[PDB]
Amino acid sequence: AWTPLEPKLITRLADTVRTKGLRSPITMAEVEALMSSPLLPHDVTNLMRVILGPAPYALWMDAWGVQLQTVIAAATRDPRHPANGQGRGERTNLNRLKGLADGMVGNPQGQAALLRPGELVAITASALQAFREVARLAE
Amino acid sequence: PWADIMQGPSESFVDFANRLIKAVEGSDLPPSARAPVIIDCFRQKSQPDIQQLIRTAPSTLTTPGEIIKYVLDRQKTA
Amino acid sequence: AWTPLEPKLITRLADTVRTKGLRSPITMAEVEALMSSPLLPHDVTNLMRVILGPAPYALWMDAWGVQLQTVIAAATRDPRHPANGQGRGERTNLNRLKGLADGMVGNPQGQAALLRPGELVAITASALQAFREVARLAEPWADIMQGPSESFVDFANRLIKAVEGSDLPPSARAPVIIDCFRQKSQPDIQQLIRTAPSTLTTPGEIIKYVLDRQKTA
Amino acid sequence: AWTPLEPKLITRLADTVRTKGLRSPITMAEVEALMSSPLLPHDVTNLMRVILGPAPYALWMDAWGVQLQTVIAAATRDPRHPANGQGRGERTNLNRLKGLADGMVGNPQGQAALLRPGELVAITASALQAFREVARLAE
Amino acid sequence: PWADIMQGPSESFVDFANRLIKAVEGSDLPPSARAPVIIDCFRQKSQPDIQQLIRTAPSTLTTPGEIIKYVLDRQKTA
Amino acid sequence: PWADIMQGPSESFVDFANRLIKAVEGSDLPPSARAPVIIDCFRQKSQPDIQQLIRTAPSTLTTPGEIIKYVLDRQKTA
Amino acid sequence: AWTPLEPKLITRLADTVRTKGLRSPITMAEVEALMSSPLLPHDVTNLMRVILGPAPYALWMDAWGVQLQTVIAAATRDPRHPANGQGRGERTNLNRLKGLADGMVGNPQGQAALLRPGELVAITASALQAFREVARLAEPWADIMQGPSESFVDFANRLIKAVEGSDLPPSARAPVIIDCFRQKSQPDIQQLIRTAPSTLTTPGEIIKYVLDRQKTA
Amino acid sequence: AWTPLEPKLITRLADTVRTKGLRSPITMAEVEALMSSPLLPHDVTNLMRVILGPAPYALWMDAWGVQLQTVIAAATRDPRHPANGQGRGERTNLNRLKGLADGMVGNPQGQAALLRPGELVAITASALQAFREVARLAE
Amino acid sequence: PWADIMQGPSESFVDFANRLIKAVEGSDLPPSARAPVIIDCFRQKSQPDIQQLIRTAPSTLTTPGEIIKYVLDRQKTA
Amino acid sequence: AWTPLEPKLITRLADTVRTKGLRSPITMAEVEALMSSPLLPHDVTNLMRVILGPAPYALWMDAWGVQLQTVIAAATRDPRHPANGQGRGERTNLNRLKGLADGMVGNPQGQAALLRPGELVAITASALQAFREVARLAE
């Protein structure tokens, strides 16, 4: 069952990003805090939509896609990925990682249903690395 | 009005990009027409130094985020 | 059946050669236009008699003979020439190419009867190359600079014209055009080409890149 | 049997390109007019040699090659191309499209002999698209 | 001291590069830290004309030799 | 009259050749006698600078077109 | 067994590079001389460290890496490389070419032990090509004219020097040298070359002809 | 096994040619000295590349080709050439003399492998005569 | 003495050739050394106009008769 | 048996050439007169040595050689030459025409012995044509 993040925590994090900036160690610590439980693509996408401005959000979408593509290359380079399965029918496509696959587009409940925990942690680590890249790039 | 937005002589590029993306997304355009308009406004507005910086891009920039990243990398520090 | 070229087109082409000269690209385009269908030796001979003066006509007769001789050497070097046949009885002599063979002298109908289409196209290409030689002879790429006020497309047009209408081999024109774009074309465009993140290996690609990133002024 | 285009029409089209430019709608209409019947590589090549200047002609050769390469990729992606045949012996190489194949170099009669109507229409559409690209690029 | 080396207003770029590489390689840095330091000193020293020349590099330069070659190609002849 | 044609002191060579070939081909000579006459008139008319230029030809010129080409190549630009 | 190159030869070569430069034909000849026997990566690396300055050495390391990568691409494109073997266990990695593999780092004896002669000659040719690239890069032919008082052999020397020490491809130097002999080389020699009863198709032949028939003065 | 000439001797010979010229008797004596052992086409070619300037090198290539052609005419005029063999399969082509034959282009080791001693001495004498011609021609 | 014979400033070429061939054939030279000497005396004597005329000979002249014919053909009529 | 021409006739012809020149019709008539009987190479050679100066004699030697070479080309183009024979062993070499063959050098008696009448008339006609060429060339 999907539970959304508190809008109070999200508002506090947005104001933190607004006053301290993207690169302060306190901001990265707060992001790591709100990045503790494995989030669904819907959660991370809306979180970055709210806390980041328009141009940093575009940059972050780009960087997140690139990092997820690196993850999928490593996944096709190793059939023992915690997102993959043993047979070929469990291979994870980027539509399933970005939340674009069938039964997931716009629906967080179905998303949480079909996604694997390894998928969730890989998406989360990818999003964190992308946030780091964009923060280092913006300023 | 988005089509009246120019980058001021003293304005930085991130402020201009913020203002332009705000005015384009908060307008009457369809959702599928915002990215091309933002790109073509980056190319024709954004005073001729950045215009030439975007023009002479060895790579093809096909997204507002990529254009912003490229310009922020190669901008004239001043 | 032989059909003559219109004297109206020939008169217009003659006046074009009279005003623009022999070497202008418009004149060469007009000649290529009137050189579209394969012409009989009679047609090309009368055409050059009318459009060219006496001395250029003598030069053109010389050059046409030389080019036809090169063609006949290539023909005796390959029995599969579209003018030749398989047996030795179809070998094409210069009397048949210049229209001097038996049954052809002065008669365009008999000419059109006995001539092959490969013969016609070879004669036509030979005459075109001879016209190019004489035009280059009757009236320098390494002296071309882009003027301070000249645009880049005009400079590129002038340079490509002078390089292709010169004595260089065909396989040496593209590298020369590129290296002349790089060293001529005043230092703003020189630096624009130098700082190209991609490698430009064709005059068209260089022209496209420069037209994209040029300083609008 | 090959019939050349009238030098009168070609002269009028060249003067149209000279006065109106490459991008005017009247010029594109005139080109579409002279691009009505499927032309052999010889015809289109000489036409562009006459109507275009040296630098636009170089650009057009480049663009025509690129578009023909895209066509040949689509052809190897579908064995039912009107230029292709059913067996592998009818596969169309770029030497046959650009007029560089055996029995075609410099000879328009042999060209018209060996070429297919699908080949001709594909070459013609490729040349038209290349002309559009170069016209959009020159000015 | 390598961190005090600046390209003089009248000095050429090859002399500055020679002096900088000399002072960086003949110093107390580890061997695996010389190339990044030389690059980042090319980028921040080397007076703002060459700074902007390196900044607006359509390609990514990841070696002191490549940076030197690029700058020598596109330098302002004077 | 072809035998009265001289190259004027100020006249160019292509004009003289045009005039001479015109007068020789539009005359009462047989067709097989025009080329030798045109050559021998190039050699004896065509004021002594071009006369010496044709005389000192390392190659043998046996056609009016070849003589015209040679003279146009090696003529005194003035 | 590994034998080092003489420091006397290396000192002489370093002083040659110091006085004549990187691009002089004498310097390239000396490098070819000291590049005669197949050298181990240690030898070539130390040689370039000694004879080249710091910045040319960085450029040369870059170029050598790129050329070795092209070699390894050709090697994976052909299992019959003299550096490769027949089985997959003899495939040559860049760590083995650059001397970075196991048992080779810093030790020339072990290097000479494990390396193949094909490996050595490939490394050597790669290093030579990289040296050529860097020499062409570290330091204008179309601006060269024969002065009114200059002799022809001096003009030919200067022109051939500037054309061969430039950015042209190797297959484009002879036609450019010929066409520069024809258009430069003030109009007396221009007419001397123009009126050549034979066709001159080589810079050496043109030089010989002009030296024979030149106006002694 | 191929052994290269010393670059020290080559440098000294190049400076001799630079100061004394091509035609001095001391220069010809030095060339005869460095022309003592039969050289492979690679050796003589690189030697003339280093000691001669560009234009004398072009002249020398021409003269060397002409002299080698005279040698090959004498060889087809006598089947007992020390470069030839008794059967027709040992006839020596100019590609083998100029080092252009198969297995020799750019490789001095293979060159030294396939070449005959008579071939080497004929190439060497031809190169010496060509050097004499070019020296008499240059000044 | 043959080695003292020069073509005078006003002397024609056939007179000079006659005098030179006379003095060379009526001398103490071997019979096999007369033609090369006559040629090399035509080339070095025979005042610099004819010297340059013989020098710029597109063909190679290997006989005194051929040199005489060539010079008589291409000589400056005066 | 060889009989020499009278030195009186030769002296008169030499003085005729000296006063009238080489090209006068009387001189050509006198030469035709002394060219009536077929002469041996020795006779014509000495005759031209006496009547012609040194430079015209060199020119005449050149022209005579060229004309004899044309004759020998026509002879190898037709095995029915009055100088040739039917078999290949009677083919006439230029050494036999110029009097340079074996048993003829300097000896007019042996010359007259081995030479054919067709050889003599061909040599004579060649010498007459060469004299005409040189006379037209000298003045």
# chains A, B, ... in the order shown; residues from 1 in each chain; ligands from 1

call {"tool": "interface_residues", "arguments": {"of": "chain B", "to": "chain A", "cutoff": "9 Å", "atoms": "only C-alpha atoms", "output": "PyMOL selection string"}}
result
chain B and resi 14+17-18+21-22+63-66+68-69+72-73

call {"tool": "write_last_selection", "arguments": {"atoms": "N, CA, C and O atoms", "output": "mmCIF file, in the first residue's frame"}}
result
data_model
loop_
_atom_site.group_PDB
_atom_site.id
_atom_site.type_symbol
_atom_site.label_atom_id
_atom_site.label_comp_id
_atom_site.auth_asym_id
_atom_site.auth_seq_id
_atom_site.Cartn_x
_atom_site.Cartn_y
_atom_site.Cartn_z
ATOM 1 N N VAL B 14 20.353 32.386 -15.566
ATOM 2 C CA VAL B 14 19.430 31.538 -14.823
ATOM 3 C C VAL B 14 18.170 32.310 -14.459
ATOM 4 O O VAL B 14 17.070 31.752 -14.458
ATOM 5 N N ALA B 17 16.156 32.403 -17.681
ATOM 6 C CA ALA B 17 15.548 31.101 -17.923
ATOM 7 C C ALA B 17 14.385 30.848 -16.977
ATOM 8 O O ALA B 17 13.352 30.315 -17.391
ATOM 9 N N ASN B 18 14.527 31.221 -15.704
ATOM 10 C CA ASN B 18 13.430 31.057 -14.756
ATOM 11 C C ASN B 18 12.217 31.855 -15.193
ATOM 12 O O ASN B 18 11.097 31.332 -15.242
ATOM 13 N N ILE B 21 10.657 30.286 -18.478
ATOM 14 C CA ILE B 21 9.956 29.024 -18.269
ATOM 15 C C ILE B 21 8.680 29.252 -17.474
ATOM 16 O O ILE B 21 7.645 28.636 -17.749
ATOM 17 N N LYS B 22 8.725 30.156 -16.494
ATOM 18 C CA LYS B 22 7.523 30.503 -15.751
ATOM 19 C C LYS B 22 6.442 31.039 -16.673
ATOM 20 O O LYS B 22 5.302 30.557 -16.656
ATOM 21 N N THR B 63 16.581 19.989 -25.684
ATOM 22 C CA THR B 63 15.862 20.038 -24.417
ATOM 23 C C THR B 63 16.265 21.308 -23.684
ATOM 24 O O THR B 63 17.444 21.682 -23.718
ATOM 25 N N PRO B 64 15.329 22.011 -23.039
ATOM 26 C CA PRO B 64 15.723 23.218 -22.299
ATOM 27 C C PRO B 64 16.750 22.952 -21.214
ATOM 28 O O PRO B 64 17.637 23.785 -20.994
ATOM 29 N N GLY B 65 16.667 21.809 -20.534
ATOM 30 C CA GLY B 65 17.651 21.499 -19.510
ATOM 31 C C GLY B 65 19.052 21.354 -20.071
ATOM 32 O O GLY B 65 20.022 21.835 -19.477
ATOM 33 N N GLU B 66 19.178 20.699 -21.225
ATOM 34 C CA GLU B 66 20.488 20.539 -21.848
ATOM 35 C C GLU B 66 21.057 21.877 -22.295
ATOM 36 O O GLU B 66 22.255 22.133 -22.138
ATOM 37 N N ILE B 68 20.391 24.766 -20.925
ATOM 38 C CA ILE B 68 20.765 25.489 -19.714
ATOM 39 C C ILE B 68 22.096 24.977 -19.186
ATOM 40 O O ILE B 68 22.970 25.760 -18.803
ATOM 41 N N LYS B 69 22.278 23.656 -19.168
ATOM 42 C CA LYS B 69 23.534 23.086 -18.690
ATOM 43 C C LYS B 69 24.705 23.531 -19.554
ATOM 44 O O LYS B 69 25.750 23.945 -19.038
ATOM 45 N N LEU B 72 25.471 27.219 -18.963
ATOM 46 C CA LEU B 72 26.081 27.436 -17.656
ATOM 47 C C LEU B 72 27.526 26.962 -17.634
ATOM 48 O O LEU B 72 28.364 27.560 -16.952
ATOM 49 N N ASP B 73 27.839 25.900 -18.376
ATOM 50 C CA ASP B 73 29.223 25.450 -18.465
ATOM 51 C C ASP B 73 30.089 26.477 -19.182
ATOM 52 O O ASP B 73 31.110 26.923 -18.649
#

call {"tool": "select_by_dssp", "arguments": {"residues": "stretch 7-137 of chain J", "states": "alpha helix (DSSP H)", "output": "VMD selection string"}}
result
chain J and resid 7 to 20 25 to 34 41 to 51 54 to 76 94 to 97 108 to 114 117 to 137

call {"tool": "interface_residues", "arguments": {"of": "chain C", "to": "chain F", "cutoff": "6 Å", "atoms": "only C-alpha atoms", "output": "VMD selection string"}}
result
chain C and resid 54 to 55 58 to 59

call {"tool": "atom_distance", "arguments": {"atom1": "atom CA of residue D:82", "atom2": "atom CA of residue D:128"}}
result
18.2 Å

call {"tool": "residues_around", "arguments": {"residues": "stretch 48-54 of chain I", "least_positions_apart": "4", "cutoff": "7 Å", "atoms": "only C-alpha atoms", "output": "VMD selection string"}}
result
(chain G and resid 215) or (chain I and resid 43 to 44)

call {"tool": "write_last_selection", "arguments": {"atoms": "N, CA, C and O atoms", "output": "PDB file, in the first residue's frame"}}
result
ATOM      1  N   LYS G 215      67.342  30.783 -67.227  1.00  0.00           N
ATOM      2  CA  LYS G 215      68.097  31.925 -67.727  1.00  0.00           C
ATOM      3  C   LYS G 215      69.290  32.266 -66.842  1.00  0.00           C
ATOM      4  O   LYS G 215      69.110  32.870 -65.781  1.00  0.00           O
TER       5      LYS G 215
ATOM      6  N   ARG I  43      77.385  26.688 -77.250  1.00  0.00           N
ATOM      7  CA  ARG I  43      76.597  26.977 -76.061  1.00  0.00           C
ATOM      8  C   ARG I  43      77.191  28.092 -75.211  1.00  0.00           C
ATOM      9  O   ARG I  43      76.446  28.863 -74.602  1.00  0.00           O
ATOM     10  N   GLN I  44      78.515  28.196 -75.140  1.00  0.00           N
ATOM     11  CA  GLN I  44      79.157  29.150 -74.246  1.00  0.00           C
ATOM     12  C   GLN I  44      79.613  30.424 -74.943  1.00  0.00           C
ATOM     13  O   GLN I  44      79.581  31.493 -74.332  1.00  0.00           O
TER      14      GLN I  44
END

call {"tool": "calpha_fit_and_write", "arguments": {"fixed": "chain B", "moving": "chain E", "output": "tab-separated table (two decimals) with N, CA and C atoms, in the first residue's frame"}}
result
chain	number	residue	atom	x	y	z
E	1	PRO	N	3.41	38.05	-20.78
E	1	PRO	CA	3.43	37.52	-22.14
E	1	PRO	C	4.82	36.93	-22.40
E	2	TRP	N	4.86	35.66	-22.81
E	2	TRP	CA	6.14	34.94	-23.06
E	2	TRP	C	6.88	35.52	-24.27
E	3	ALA	N	6.16	35.93	-25.32
E	3	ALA	CA	6.83	36.38	-26.52
E	3	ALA	C	7.44	37.77	-26.37
E	4	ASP	N	7.24	38.44	-25.23
E	4	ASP	CA	7.86	39.73	-24.98
E	4	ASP	C	9.03	39.66	-24.01
E	5	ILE	N	9.51	38.47	-23.67
E	5	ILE	CA	10.55	38.33	-22.66
E	5	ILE	C	11.91	38.38	-23.34
E	6	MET	N	12.76	39.31	-22.89
E	6	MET	CA	14.13	39.44	-23.36
E	6	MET	C	15.08	39.33	-22.17
E	7	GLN	N	16.28	38.83	-22.42
E	7	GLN	CA	17.31	38.83	-21.39
E	7	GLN	C	17.95	40.20	-21.32
E	8	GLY	N	17.81	40.86	-20.18
E	8	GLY	CA	18.34	42.19	-19.99
E	8	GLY	C	19.85	42.23	-20.15
E	9	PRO	N	20.39	43.42	-20.43
E	9	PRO	CA	21.84	43.53	-20.62
E	9	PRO	C	22.64	43.12	-19.40
E	10	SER	N	22.11	43.36	-18.20
E	10	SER	CA	22.80	43.03	-16.96
E	10	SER	C	22.27	41.78	-16.28
E	11	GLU	N	21.19	41.18	-16.79
E	11	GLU	CA	20.59	40.03	-16.13
E	11	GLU	C	21.40	38.77	-16.38
E	12	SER	N	21.47	37.91	-15.37
E	12	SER	CA	22.11	36.62	-15.51
E	12	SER	C	21.23	35.69	-16.35
E	13	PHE	N	21.78	34.52	-16.69
E	13	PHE	CA	21.05	33.62	-17.57
E	13	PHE	C	20.06	32.74	-16.82
E	14	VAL	N	20.35	32.39	-15.57
E	14	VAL	CA	19.43	31.54	-14.82
E	14	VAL	C	18.17	32.31	-14.46
E	15	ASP	N	18.30	33.61	-14.16
E	15	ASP	CA	17.11	34.41	-13.92
E	15	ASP	C	16.26	34.53	-15.17
E	16	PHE	N	16.89	34.76	-16.32
E	16	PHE	CA	16.16	34.84	-17.57
E	16	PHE	C	15.46	33.52	-17.88
E	17	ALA	N	16.16	32.40	-17.68
E	17	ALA	CA	15.55	31.10	-17.92
E	17	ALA	C	14.39	30.85	-16.98
E	18	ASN	N	14.53	31.22	-15.70
E	18	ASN	CA	13.43	31.06	-14.76
E	18	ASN	C	12.22	31.85	-15.19
E	19	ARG	N	12.42	33.13	-15.52
E	19	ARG	CA	11.31	33.99	-15.93
E	19	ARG	C	10.63	33.45	-17.18
E	20	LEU	N	11.43	33.01	-18.16
E	20	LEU	CA	10.86	32.54	-19.41
E	20	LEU	C	10.09	31.24	-19.22
E	21	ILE	N	10.66	30.29	-18.48
E	21	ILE	CA	9.96	29.02	-18.27
E	21	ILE	C	8.68	29.25	-17.47
E	22	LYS	N	8.73	30.15	-16.49
E	22	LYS	CA	7.52	30.50	-15.75
E	22	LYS	C	6.44	31.04	-16.67
E	23	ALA	N	6.78	32.03	-17.50
E	23	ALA	CA	5.78	32.65	-18.36
E	23	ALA	C	5.28	31.71	-19.45
E	24	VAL	N	6.11	30.76	-19.88
E	24	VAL	CA	5.67	29.84	-20.92
E	24	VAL	C	4.79	28.75	-20.34
E	25	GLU	N	5.12	28.22	-19.17
E	25	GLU	CA	4.32	27.16	-18.59
E	25	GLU	C	3.04	27.69	-17.97
E	26	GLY	N	3.03	28.94	-17.52
E	26	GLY	CA	1.82	29.54	-17.01
E	26	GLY	C	1.09	30.34	-18.07
E	27	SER	N	0.89	29.75	-19.24
E	27	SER	CA	0.26	30.45	-20.35
E	27	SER	C	-0.77	29.52	-21.00
E	28	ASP	N	-1.29	29.95	-22.15
E	28	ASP	CA	-2.39	29.26	-22.82
E	28	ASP	C	-1.91	28.26	-23.87
E	29	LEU	N	-0.62	27.94	-23.90
E	29	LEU	CA	-0.12	27.00	-24.88
E	29	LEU	C	-0.51	25.58	-24.50
E	30	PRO	N	-0.63	24.68	-25.48
E	30	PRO	CA	-0.81	23.27	-25.16
E	30	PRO	C	0.41	22.73	-24.45
E	31	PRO	N	0.27	21.64	-23.70
E	31	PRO	CA	1.45	21.08	-23.01
E	31	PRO	C	2.51	20.57	-23.96
E	32	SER	N	2.14	20.13	-25.16
E	32	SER	CA	3.11	19.57	-26.09
E	32	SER	C	3.84	20.63	-26.90
E	33	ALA	N	3.59	21.92	-26.64
E	33	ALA	CA	4.22	22.99	-27.39
E	33	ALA	C	5.10	23.87	-26.52
E	34	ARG	N	5.35	23.49	-25.28
E	34	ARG	CA	6.11	24.35	-24.39
E	34	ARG	C	7.61	24.18	-24.59
E	35	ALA	N	8.09	22.94	-24.69
E	35	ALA	CA	9.52	22.73	-24.86
E	35	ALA	C	10.06	23.34	-26.15
E	36	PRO	N	9.47	23.10	-27.33
E	36	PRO	CA	9.99	23.77	-28.53
E	36	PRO	C	9.97	25.28	-28.44
E	37	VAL	N	8.93	25.85	-27.83
E	37	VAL	CA	8.86	27.30	-27.69
E	37	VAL	C	9.95	27.80	-26.75
E	38	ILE	N	10.18	27.08	-25.65
E	38	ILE	CA	11.23	27.50	-24.72
E	38	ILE	C	12.59	27.45	-25.40
E	39	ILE	N	12.84	26.40	-26.19
E	39	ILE	CA	14.12	26.29	-26.89
E	39	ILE	C	14.28	27.44	-27.88
E	40	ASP	N	13.29	27.63	-28.74
E	40	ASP	CA	13.39	28.68	-29.76
E	40	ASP	C	13.39	30.07	-29.16
E	41	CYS	N	12.93	30.24	-27.92
E	41	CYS	CA	13.05	31.52	-27.25
E	41	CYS	C	14.41	31.69	-26.60
E	42	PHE	N	15.01	30.60	-26.14
E	42	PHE	CA	16.41	30.63	-25.71
E	42	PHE	C	17.31	31.04	-26.86
E	43	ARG	N	16.99	30.59	-28.07
E	43	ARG	CA	17.87	30.81	-29.21
E	43	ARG	C	17.76	32.23	-29.77
E	44	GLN	N	16.58	32.83	-29.75
E	44	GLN	CA	16.36	34.12	-30.38
E	44	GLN	C	16.39	35.29	-29.41
E	45	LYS	N	15.92	35.09	-28.18
E	45	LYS	CA	16.18	36.02	-27.09
E	45	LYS	C	17.55	35.69	-26.53
E	46	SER	N	17.87	36.12	-25.30
E	46	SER	CA	19.14	35.75	-24.68
E	46	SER	C	20.32	36.32	-25.46
E	47	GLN	N	20.56	37.61	-25.23
E	47	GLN	CA	21.34	38.58	-25.99
E	47	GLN	C	22.58	38.02	-26.69
E	48	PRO	N	22.96	38.60	-27.84
E	48	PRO	CA	23.71	37.86	-28.88
E	48	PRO	C	24.94	37.09	-28.44
E	49	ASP	N	25.51	37.38	-27.27
E	49	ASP	CA	26.63	36.57	-26.81
E	49	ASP	C	26.18	35.14	-26.54
E	50	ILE	N	25.10	34.98	-25.78
E	50	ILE	CA	24.57	33.65	-25.53
E	50	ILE	C	23.93	33.08	-26.80
E	51	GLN	N	23.39	33.94	-27.66
E	51	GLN	CA	22.87	33.47	-28.94
E	51	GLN	C	23.96	32.77	-29.74
E	52	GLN	N	25.12	33.41	-29.86
E	52	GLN	CA	26.23	32.79	-30.57
E	52	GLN	C	26.78	31.60	-29.81
E	53	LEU	N	26.72	31.63	-28.48
E	53	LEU	CA	27.18	30.48	-27.70
E	53	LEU	C	26.31	29.25	-27.96
E	54	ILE	N	25.00	29.45	-28.11
E	54	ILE	CA	24.11	28.33	-28.40
E	54	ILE	C	24.23	27.92	-29.86
E	55	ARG	N	24.42	28.90	-30.76
E	55	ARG	CA	24.53	28.60	-32.18
E	55	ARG	C	25.71	27.69	-32.47
E	56	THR	N	26.87	28.02	-31.92
E	56	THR	CA	28.09	27.24	-32.13
E	56	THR	C	28.19	26.09	-31.14
E	57	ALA	N	27.14	25.29	-31.04
E	57	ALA	CA	27.16	24.14	-30.16
E	57	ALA	C	27.54	22.91	-30.97
E	58	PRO	N	28.72	22.33	-30.77
E	58	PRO	CA	29.10	21.14	-31.55
E	58	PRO	C	28.11	20.01	-31.43
E	59	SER	N	27.40	19.91	-30.31
E	59	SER	CA	26.33	18.94	-30.15
E	59	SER	C	24.99	19.61	-30.42
E	60	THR	N	23.99	18.79	-30.70
E	60	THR	CA	22.63	19.26	-30.92
E	60	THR	C	21.87	19.21	-29.60
E	61	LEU	N	21.39	20.37	-29.15
E	61	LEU	CA	20.67	20.49	-27.89
E	61	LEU	C	19.18	20.44	-28.18
E	62	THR	N	18.50	19.47	-27.58
E	62	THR	CA	17.11	19.16	-27.91
E	62	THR	C	16.24	19.16	-26.67
E	63	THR	N	16.58	19.99	-25.69
E	63	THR	CA	15.86	20.04	-24.42
E	63	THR	C	16.27	21.31	-23.68
E	64	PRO	N	15.33	22.01	-23.04
E	64	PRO	CA	15.72	23.22	-22.30
E	64	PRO	C	16.75	22.95	-21.21
E	65	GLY	N	16.67	21.81	-20.54
E	65	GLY	CA	17.65	21.50	-19.51
E	65	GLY	C	19.05	21.36	-20.07
E	66	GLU	N	19.18	20.70	-21.23
E	66	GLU	CA	20.49	20.54	-21.85
E	66	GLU	C	21.06	21.88	-22.29
E	67	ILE	N	20.21	22.75	-22.85
E	67	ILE	CA	20.67	24.07	-23.24
E	67	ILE	C	21.14	24.85	-22.02
E	68	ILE	N	20.39	24.76	-20.93
E	68	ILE	CA	20.76	25.49	-19.71
E	68	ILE	C	22.10	24.98	-19.19
E	69	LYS	N	22.28	23.65	-19.17
E	69	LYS	CA	23.53	23.09	-18.69
E	69	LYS	C	24.70	23.53	-19.56
E	70	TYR	N	24.55	23.46	-20.88
E	70	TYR	CA	25.61	23.86	-21.79
E	70	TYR	C	25.99	25.33	-21.58
E	71	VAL	N	24.98	26.20	-21.51
E	71	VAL	CA	25.26	27.62	-21.36
E	71	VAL	C	25.91	27.90	-20.02
E	72	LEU	N	25.47	27.22	-18.96
E	72	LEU	CA	26.08	27.44	-17.66
E	72	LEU	C	27.53	26.96	-17.63
E	73	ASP	N	27.84	25.90	-18.38
E	73	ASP	CA	29.22	25.45	-18.47
E	73	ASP	C	30.09	26.48	-19.18
E	74	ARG	N	29.70	26.87	-20.40
E	74	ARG	CA	30.58	27.65	-21.26
E	74	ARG	C	30.31	29.15	-21.19
E	75	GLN	N	29.63	29.63	-20.16
E	75	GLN	CA	29.30	31.05	-20.12
E	75	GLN	C	30.52	31.89	-19.77
E	76	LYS	N	30.50	33.13	-20.25
E	76	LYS	CA	31.56	34.10	-19.98
E	76	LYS	C	31.50	34.63	-18.55
E	77	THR	N	32.36	34.14	-17.66
E	77	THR	CA	32.35	34.54	-16.26
E	77	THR	C	32.62	36.04	-16.16
E	78	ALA	N	31.64	36.76	-15.64
E	78	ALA	CA	31.74	38.21	-15.49
E	78	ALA	C	30.68	38.70	-14.50

call {"tool": "atom_distance", "arguments": {"atom1": "atom CA of residue G:16", "atom2": "atom CA of residue G:52"}}
result
11.1 Å

call {"tool": "atom_distance", "arguments": {"atom1": "atom CA of residue A:2", "atom2": "atom CA of residue A:114"}}
result
11.9 Å

call {"tool": "residues_around", "arguments": {"residues": "residue G:94", "least_positions_apart": "2", "cutoff": "9 Å", "atoms": "only C-alpha atoms", "output": "VMD selection string"}}
result
chain G and resid 65 68 to 69 72 92 96 to 101

call {"tool": "calpha_fit_rmsd", "arguments": {"fixed": "chain G", "moving": "chain C"}}
result
1.5 Å
